[PDB]
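Below is one structure; the comments refer to it alone.
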Amino acid sequence: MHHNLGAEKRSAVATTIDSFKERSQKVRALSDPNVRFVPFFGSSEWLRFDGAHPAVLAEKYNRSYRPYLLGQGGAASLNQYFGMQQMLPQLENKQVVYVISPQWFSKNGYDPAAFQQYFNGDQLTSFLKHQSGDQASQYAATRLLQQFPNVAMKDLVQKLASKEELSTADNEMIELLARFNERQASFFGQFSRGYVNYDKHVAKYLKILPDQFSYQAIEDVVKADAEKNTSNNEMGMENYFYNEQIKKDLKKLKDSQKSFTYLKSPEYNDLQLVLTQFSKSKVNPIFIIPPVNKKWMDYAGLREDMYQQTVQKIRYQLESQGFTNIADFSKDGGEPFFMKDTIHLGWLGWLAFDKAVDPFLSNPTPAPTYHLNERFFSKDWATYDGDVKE
Amino acid sequence: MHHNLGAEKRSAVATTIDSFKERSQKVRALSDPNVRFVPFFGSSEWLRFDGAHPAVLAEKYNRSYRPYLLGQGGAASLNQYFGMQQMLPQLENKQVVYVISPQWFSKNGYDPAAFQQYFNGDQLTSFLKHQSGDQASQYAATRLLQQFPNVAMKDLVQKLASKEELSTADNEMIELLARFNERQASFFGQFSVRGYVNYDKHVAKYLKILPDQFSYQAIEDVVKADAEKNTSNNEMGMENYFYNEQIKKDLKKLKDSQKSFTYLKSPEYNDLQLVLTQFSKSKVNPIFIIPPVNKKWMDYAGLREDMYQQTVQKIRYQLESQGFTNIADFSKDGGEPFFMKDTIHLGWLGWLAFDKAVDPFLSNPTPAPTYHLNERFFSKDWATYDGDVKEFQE
Amino acid sequence: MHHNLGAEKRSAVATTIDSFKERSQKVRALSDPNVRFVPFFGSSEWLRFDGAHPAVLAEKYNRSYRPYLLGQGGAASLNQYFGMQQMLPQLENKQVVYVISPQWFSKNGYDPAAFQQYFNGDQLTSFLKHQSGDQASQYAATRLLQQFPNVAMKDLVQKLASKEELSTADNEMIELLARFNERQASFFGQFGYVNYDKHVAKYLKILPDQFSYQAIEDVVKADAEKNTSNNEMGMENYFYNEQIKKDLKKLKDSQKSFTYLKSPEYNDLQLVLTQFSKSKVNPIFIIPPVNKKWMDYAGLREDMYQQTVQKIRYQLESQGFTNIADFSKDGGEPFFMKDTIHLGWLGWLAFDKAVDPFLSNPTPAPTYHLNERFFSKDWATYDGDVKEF
Amino acid sequence: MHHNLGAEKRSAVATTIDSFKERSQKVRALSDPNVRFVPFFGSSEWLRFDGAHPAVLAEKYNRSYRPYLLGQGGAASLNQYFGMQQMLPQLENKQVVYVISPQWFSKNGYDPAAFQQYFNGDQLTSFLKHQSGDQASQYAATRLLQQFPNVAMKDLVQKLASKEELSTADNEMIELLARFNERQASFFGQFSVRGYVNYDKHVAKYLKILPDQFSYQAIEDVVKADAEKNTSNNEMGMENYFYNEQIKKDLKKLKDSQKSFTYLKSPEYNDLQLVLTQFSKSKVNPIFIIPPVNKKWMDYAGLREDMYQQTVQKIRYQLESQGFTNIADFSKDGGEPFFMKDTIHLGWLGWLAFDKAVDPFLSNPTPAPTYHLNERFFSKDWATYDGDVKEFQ
Amino acid sequence: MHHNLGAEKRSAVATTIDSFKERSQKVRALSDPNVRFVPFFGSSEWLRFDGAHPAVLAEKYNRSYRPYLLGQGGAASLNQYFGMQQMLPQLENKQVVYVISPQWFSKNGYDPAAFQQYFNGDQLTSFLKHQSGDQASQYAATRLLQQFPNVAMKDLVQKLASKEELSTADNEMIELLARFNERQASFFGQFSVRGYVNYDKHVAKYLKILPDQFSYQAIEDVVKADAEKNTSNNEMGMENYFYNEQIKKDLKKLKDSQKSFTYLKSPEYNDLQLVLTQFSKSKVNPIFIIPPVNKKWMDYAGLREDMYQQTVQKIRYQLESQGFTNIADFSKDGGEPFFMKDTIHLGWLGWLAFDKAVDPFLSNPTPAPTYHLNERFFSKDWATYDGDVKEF
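Chains as they are written, first to last, in the authors' numbering: chain E, 35 to 226, 228 to 425; chain C, 35 to 428; chain D, 35 to 225, 229 to 426; chain B, 35 to 427; chain A, 35 to 426.
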């Protein structure tokens with residue numbers, strides 16, 4: 035396998051659809067023998083850069099790792115699961131970062147229009163090649179058929195959904211098309228705006244940073260950037276976001292999220308796929324649970340009772356199965372300059388992020404033995420409203 | 035396969051890498067029975083829009099066709115040939131527009147860094163499926179191995195390059211994988227979304243400034259005023275935005291830069307023969323466009339007019355001696371104010387001259403004539419030919 | 035696939051079992067970009083040649099088209115459907131001639147002994163390749179299993195008849211074996230001179246060099262008077278002496294029980310109509326008469342015959358097929374027929390006045406509105422008026 | 035193929051897992067046009083050699099045939115049937131020896147842990163290639179799936195067990211992988227030298243002691259003296275090594291242990307039917323060998339002679355009612371002097387009685403009769419049948 | 035993958051053809067998470083057991099590892115290379131023991147009659163699947179066609195021998211058939227219980243006579259006593275069984291029979307390079323064992339000591355210059371009392387000298403160093419190198 039460190043670094047911070055979905059960009063980076071790239075799974079959280087951004091800090095201070103930013107607006111655990119199938123050997127016995135945002139946990143689940151953009155044929159054939167005929171394959175195939183009722187290779191996905199035995203001829207078709215896709219995607223996915232994105236996202240903020248690492252000196256520049264760019268609202272949001280979302284028709288946003296509840300979701304079952312794969316690949320994840328802007332969640336009337344209860348439900352799914360590395364920032368939504376907008380970390384939030392994430396990734400440690408509970412795939416857990424029973 | 039008119043209009047004028055290289059968007063529009071989409075092949079020609087742009091004129095005046103703009107920066111005949119392999123039934127017995135810029139006929143030919151962006155694996159497998167083992171297949175395979183020495187399915191491309199026959203196992207493998215690639219592309223390519231911003235800024239904004247009744251002179255009045263307003267910062271007739279970025283600070287060294295520039299010798303002459311062969315096989319009726327260079331620029335840069343018309347004569351011979359006689363030649367119109375958008379691209383009033391040859395041709399569709407192909411246009415002898423074009427055969 | 039105009043002209047009028055069923059004769063002619071061959075689907079209608087025959091007129095007067103004559107005795111709609119599967123790209127967006135004879139609409143349908151002569155493995159794999167998992171694929175497979183219980187590639191045909199979606203491995207095996215067959219057929223069927234000179238060139242000599250329907254009529258009427266002279270019911274001399282003359286007493290009232298209103302052929306016709314819709318072909322349908330003097334002698338009922346024609350025409354017109362040259366009421370016309378059931382002489386001129394303007398001015402097919410109830414047993418056995426609907 | 039006579043002679047008497055389960059060795063010997071090798075199908079019957087052993091007698095007296103010894107301890111009819119699939123053209127229109135030992139007819143049938151050692155993937159793919167979608171293939175697939183629920187090519191074996199017809203894609207996968215397995219087995223298996231020094235220890239040892247001219251009495255005199263010497267330490271006529279290792283360490287226990295033992299109910303009856311179906315299809319002419327138990331042992335262990343003869347009646351009915359009439363029945367000969375090598379195996383003077391039925395049969399190859407197969411013998415009603423055999427149909 | 039310690043322990047000391055050449059038994063043991071089996075690569079070295087044998091010591095004193103004895107008589111580096119292809123993930127980042135005997139390095143190379151017994155179809159398909167089109171793949175394929183000119187899939191091996199790229203059709207035939215052979219081997223190869231009775235005969239037998247408390251002196255006493263009884267008939271140091279069968283009946287003909295025997299020129303140097311390339315690729319940390327010849331024998335047979343040490347130097351240079359530096363060199367210990375069981379194999383007291391190098395290496399596992407491979411060691415020039423080793 036051929037490597038180019040600059041291309042890989044530009045891929046790592048690109049935060050594009052191609053940087054998430056195509057095999058070549060993420061595999062080359064995560065298999066690079068010289069520099070350690072670390073999967074940073076999320077959605078829109080990596081998109082907005084400042085002086086304290088994980089990608090910016092790791093480059094300026096020449097850390098022993100580099101973040102590879104996996105995710106786009108509207109991607110959740112189902113998308114992440116399918117992306118992992120393209121990069122299974124690069125995840126084996128390694129540390130990752132996995133953001134679990136409570137707003138993903140709506141009653142209908144993920145956006146079908148968002149999913150379509152990040153799923154491709156290489157992911158489809160990687161899914162079919164790497165399935166072990168278990169509950170994970172059975173559940174994922176069912177979800178895929180809800181998403182795409184007339185999917186390419188319908189019969190094979192249907193067989194997985196209904197737990198049927200794939201034939202020898204079927205298995206050979208699968209292995210042939212999978213190999214072709216991995217040959218094709220490795221070659222053609224190295225020719226795809229690398230340099231302009233690097234200067235806008237990373238190199239803009241390297242100039243702004245001190246040459247010697249200290250949390251206080253970085254905080255002072257970052258706070259000053261925050262103060263100048265939260266200049267039209269009293270809730271501490273970015274000026275560009277405020278003018279686009281909460282300005283025209285901010286009056287109809289008063290008490291909108293009173294009925295909003297994240298307790299019942301198919302996303303809990305989707306998350307279980309990720310945790311299943313994490314167990315098979317022995318990854319050591321650190322999980323990040325973001326808060327919401329506290330001034331926004333009093334204006335929009337989002338319940339703190341409900342929000343903490345979903346956090347507890349998420350944490351129970353994690354901790355009862357052996358996943359203890361959790362950075363729970365959910366109560367830190369009222370902190371000064373912690374939030375870039377309404378749902379994403381930013382400025383001093385990234386420094387809080389860094390204080391939990393950097394010591395974890397600078398000191399690599401093997402994953403513990405996990406205890407997967409397959410009752411987290413069921414519709415019982417999806418619509419569960421109770422407490423710590425089972 | 036059912037068609038959405040809204041999605042096709044956005045794809046037609048998107049001019050992205052996706053609208054060009056992907057199978058889905060171009061096949062969806064070009065196969066709609068309800069509306070006629072016409073392949074507009076070129077490079078960066080369709081990228082800059084104004085009030086007289088072919089996409090704008092077709093929409094306001096509700097013409098019997100819409101252009102599907104097929105091209106990006108650095109795309110020439112080799113790229114176009116491979117892109118065609120994805121849409122062969124959509125080109126069969128049809129009219130197209132094909133820009134042939136004489137500046138693509140450089141000694142080194144097309145830019146390999148540009149080619150890589152517009153060639154995908156679906157084009158590779160479509161090429162191997164639809165190849166007929168002829169001189170076109172042998173030449174295009176050779177060009178592929180020059181471009182990608184370690185190409186995917188290298189064994190199959192090398193066989194085609196060496197005039198070797200493919201085996202029965204080879205053929206089955208090609209047919210399987212090409213079918214898989216077409217099913218994959220048509221299913222997964224329909225989810226590409228970048229249309230609404232790109233449609234409004236390029237097409238919908240120029241609809242308001244145009245008169246509701248079509249006349250070339252009335253449109254010329256509106257387009258003249260836009261061009262005078264936007265060629266302010268220079269006195270050689272170029273757009274304000276282009277002059278500042280590509281020419282302004284380099285102006286000192288650009289004087290007499292193109293003094294020994296010649297377009298008579300090029301591999302692009304052999305690449306053009308791939309396209310023309312495909313046009314003959316598919317029975318397409320193309321109109322070719324030969325743009326000028328800005329005359330005030332070419333006087334400054336030292337680009338020879340005697341050379342420039344000698345290469346156009348070389349181009350026209352390749353077309354006309356084979357039966358391609360629909361040629362909208364504008365190569366002598368370089369010194370006309372507002373005919374040009376920049377150094378090499380048609381724009382403003384140049385679009386109106388473009389329309390006067392293209393609109394009547396496409397509005398009255400006629401079948402392609404019988405072409406008589408010459409295979410010596412694939413040769414290095416033709417590629418580097420200097421002299422009198424009427425004395426090539428002897 | 036290398037084109038030779040002469041060989042394709044000879045194939046077009048060969049009217050053999052081989053020129054129907056084998057790919058390399060028909061496809062080579064239909065895919066030639068120099069000359070326009072038009073598919074002429076029928077059964078035994080093309081076999082008997084005279085000066086007014088469509089293949090003779092086209093060649094004599096160098097028309098913009100040449101008929102490719104497809105079919106012999108016993109070949110009906112199911113045979114025609116399967117033969118089309120070999121030439122789908124050559125049929126796409128084009129005009130054809132399709133004879134629909136009411137005599138084919140027998141209660142037991144087509145002759146299984148005749149079907150086996152025109153069906154082959156290339157047609158089998160071509161049908162398996164081009165099927166779209168619909169009612170048409172389901173019906174055709176059911177009919178294949180009725181014809182051949184232990185049919186070649188039974189597992190694939192049964193799956194189609196049960197309307198099961200085929201696996202990727204199944205679809206890939208089909209694509210492989212179909213390609214082998216087309217590569218094998220479009221080589222080993224390239225191998229008609231004495232046919233061409235006896236069928237076409239013989240009647241070229243007797244025709245005027247200048248075209249006029251009046252001067253051709255005079256030449257053809259004269260030939261008709263000369264060659265129907267041994268009998269009183271206007272049949273060709275050799276036909277009468279071989280098929281009628283000896284058995285004349287035995288044939289009187291022999292067709293009193295004969296009815297064409299109930300038939301599996303109505304369902305078989307619907308396959309051809311479905312294929313016509315998918316491939317956007319624009320057909321002209323030809324409906325022949327029966328010799329009026331003969332049908333009265335044999336007791337073949339004319340009200341039954343017209344009710345059959347009305348049933349056929351409703352199956353056509355109600356789905357959007359409206360190009361019908363209906364000659365069914367012309368059985369008593371002078372010199373209109375060669376024998377009992379086939380168009381001949383002056384009937385070929387009436388054929389031409391309908392067919393020639395259609396083919397010389399090509400037009401795209403309209404949008405068809407297919408009705409899947411025409412595949413049913415209820416339609417197959419239907420007795421009543423189409424006036425009802 | 036070029037044939038190595040010496041290697042084939044060594045393979046024939048090797049009596050190894052490789053000689054039984056591998057394609058190369060048995061196909062090489064049974065396809066040799068120069069010398070005739072005859073399939074001798076049994077379990078552990080051929081393991082122990084003496085002066086009267088079928089392989090020794092054929093080598094010393096240079097017979098028109100040589101026994102190719104097929105079998106290992108624990109191998110019964112399901113094993114033999116799958117081994118047969120590797121050598122179908124070499125069984126076609128030919129004679130075989132087939133042992134049917136009544137003690138194989140246990141209520142639970144064959145030992146699964148023994149079967150596993152003698153089955154390979156070549157046998158799997160041979161079976162799959164040569165099956166014809168009948169009751170034999172369906173029964174064998176069912177039994178294969180009981181044995182190996184997670185077998186290689188599971189789906190194909192499942193289709194066969196469910197009586198489903200295989201597709202072209204399924205058939206072409208079988209044809210490819212079966213072809214690969216036979217090429218692979220016949221190429222690499224020809225280099226196996228397993229049990230090639232066993233020719234001296236089992237065959238050449240006993241050539242020195244035997245008379246040069248054939249004489250049943252002279253052989254009997256030589257072999258009986260060897261038997262007397264080697265059955266010295268006990269009174270039930272068993273070989274010294276067998277008696278010490280199996281019987282002597284606790285007999286207390288062994289007394290009256292086989293009182294409730296019965297061989298009338300068994301899945302082995304249906305397993306036998308597979309072989310019989312193959313024998314009919316391949317038109318083989320088998321001679322069947324039915325051994326007794328040591329009569330002194332069966333008195334001590336309490337193995338009922340009433341049951342044992344009722345078992346032999348059931349076996350013989352299955353053979354004879356279908357046309358299989360060449361039966362050397364020795365079930366009533368367990369009390370004969372030096373007839374037995376141990377508890378269940380013929381040896382010494384038992385090999386001479388074996389020879390008196392087998393040698394006239396094999397020396398004059400007669401064609402197989404037209405058999406009349408009954409598929410009721412595959413059913414569970416037959417496997418558990420207790421009553422008198424005449425009123426079964 | 036299912037694991038059974040009882041079966042794996044019996045496989046490890048079986049010393050059969052099956053325990054070497056079959057996929058199932060070796061990868062099942064070497065992939066056990068609960069018990070650590072270390073690959074012991076050699077030829078006939080592991081066959082003869084005594085009280086000081088590596089497998090006996092590890093079982094008696096319950097060490098942190100167990101030897102998995104890979105090899106049979108006549109197996110050299112080519113055999114071992116092809117065996118490795120069945121167990122690549124099981125060798126990844128792992129310590130092994132690799133015997134390099136100088137007597138293998140004869141001028142024609144290994145015995146093809148021995149090779150044939152240890153190679154199977156799974157080894158062929160694993161080779162074709164895992165090859166990378168490099169010089170190692172080129173060399174191995176050339177050697178395989180020397181061995182099996184009419185091999186199954188001859189055309190693909192020949193493409194590799196000629197450094198040609200395989201077609202897309204070729205690759206799919208390889209992948210599918212390799213998938214088939216590994217599924218087949220892992221499924222049916224698990225039922226083999228060959229040489230499972232050898233655990234009681236070779237390991238459990240000597241556990242009784244060994245002291246419960248470990249010391250090299252108490253073992254030396256028991257093992258010296260066992261050596262003295264079994265060296266009764268001859269005064270060369272050889273075993274009773276071995277002397278009677280290989281040496282006794284033709285003593286006079288063996289006198290001065292090896293006067294011009296030279297191990298300096300050999301294709302085994304190139305065969306070894308396959309193993310060394312593979313050890314680098316898989317990041318294996320090996321310890322290399324160089325045995326001597328019996329000194330009394332090599333003076334009798336006229337085997338030159340000056341030649342023998344020159345071959346040891348050539349072998350050592352091939353290793354050390356590439357970064358392979360864990361060398362347990364016993365090549366000058368031929369005349370040591372009870373050091374050898376054989377004419378060519380370590381045994382009795384030599385096993386204790388073996389233990390003193392090997393046990394401290396395997397009891398403290400360490401990751402492999404970066405190697406620096408030299409493709410010149412594949413060439414015919416290196417195979418036939420005469421001069422002093424510093425100049426190369």
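For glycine and all other residues, C-beta sits at the position ideal for the given N, C-alpha and C.
Who are the neighbours of residue i on chain E, taking C-beta pairs under 7 Å?
i               : result
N154 of chain C : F222
Taking the alpha carbon of residue i as the point to measure from, which residue in the options has its own alpha carbon closest?
i               : options                           : result
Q218 of chain A : B:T377, B:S111, B:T159 and B:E409 : B:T159
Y342 of chain E : E:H406, E:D52, E:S294 and E:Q172  : E:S294
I378 of chain C : C:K55, C:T50, C:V133 and C:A92    : C:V133
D255 of chain E : E:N184, E:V131 and E:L383         : E:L383
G85 of chain B  : B:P399, B:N398 and B:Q251         : B:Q251
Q192 of chain C : C:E216, C:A203 and C:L162         : C:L162
Rounded to the nearest angstrom, how far is the Cβ of residue i from that of residue j, given a contact under 8 Å?
i               : j               : result
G381 of chain D : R82 of chain D  : 6 Å
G229 of chain C : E56 of chain C  : With a Cβ gap of about 13 Å, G229 of chain C and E56 of chain C do not count as contacting.
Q307 of chain A : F153 of chain A : 19 Å between Cβ atoms; not a contact.
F364 of chain B : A387 of chain B : 6 Å
For the beta strand (DSSP E) containing residue i, list its first residue and its last residue.
i               : result
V133 of chain A : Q129 to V133
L298 of chain B : No beta strand (DSSP E) holds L298 of chain B; DSSP gives it neither H nor E.
Interface residues of chain E around residue i at Cβ under 9 Å?
i               : result
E206 of chain D : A203 and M207
Which residues in chain C have a C-beta closer than 7 Å to the C-beta of residue i? List them in chain order.
i               : result
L162 of chain D : None at all; the shortest Cβ gap to chain C is about 15 Å.
Could you name the residues that DSSP lists as bridge partners for residue i?
i               : result
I253 of chain C : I253 of chain C pairs with nothing; no bridge assigned.
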